[PDB]
C-alpha cells in the first residue's frame, strides 16, 4: 500500500508509538532509557514505531534515518535495529536479542515473523555471529542472513550516521546502505520475499537494547512506499 511520512527531526513525534524503554528525548527517539544521572540502564529494550499499519503486497519502499550511538565505555552493548513486523509485535528480550526475539525461539525461523537491519555492538557467543561488531540483515532469526564488519572507528565516532533501507518489490531485494561522515560506508543486499512473510498488515519501527554503556538515538526518519502495479 502507499504511505509516506517525514520527520526531519523529532521536535514532533505525532505519529510515533513508544513501547518499553523508548522515549522522546532531546528532539530524538531514545531507544533505551538512562537514569537521572544520564547513565544507560542495563537490561532494557524499547521500540519506537510508526503508528499506522501498511501492507507489503505489490509494494516497494524507501526509508532513511540518521542515528547516533553514545557509548560510555569501550565494551558497549547491544545495539539497535530497524524492523518490520506485524502491528501487534511487542518489545521482546533485552541484551543480545535486541528487543526483537525471545530466547526460546531466537534462532527458529518458523517461530518468528520479523525482518530487520541490525547494528550490533556486542559479539554474542550464545548463537552464531561474527567475532567483530557488525551490521546485518535478519529474516526471522537473530542469526543474520547477511552480515558485514562494522568498523570500530565508525561505531565509536559519535557521529550522526545515516542509513538508507529500500525494498524493491519486483526483484524482492532488501538493501541497506549505511554511511558515516568522513567515515565508512556499508552495503548489504539480500533476496527476500517480504510479501510472502507478511501477507497482512505490518508496522515499521526501531528497536534498541542494552546491555551496558550504550544509548541509541534516532535523529530523523522518512519513508515512502509505492505500488508496483
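Numbering follows the first chain given and starts at 1.
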>> Per the record, averaged over C-alpha atoms, which has the higher B-factor: 193-201 or 42-50?
In response: 193-201
>> Highest mean C-alpha temperature factor of the two stretches 75-83 and 98-106, which is it?
In response: 98-106
> Among the modelled residues of its chain, does the C-alpha B-factor of residue 164 lie in the lowest, middle or highest third?
Replying inline: lowest
>> Quick check for you: using the entry's CA B-factors within this chain, is residue 126 in the lowest, middle or highest third?
In response: highest
> What third of its chain's C-alpha B-factors does residue 155 belong to: lowest, middle or highest?
Replying inline: middle
> Which third, lowest, middle or highest, does the CA B-factor of residue 92 fall in along this chain?
Replying inline: lowest
>> Quick check for you: using the entry's CA B-factors within this chain, is residue 117 in the lowest, middle or highest third?
In response: lowest
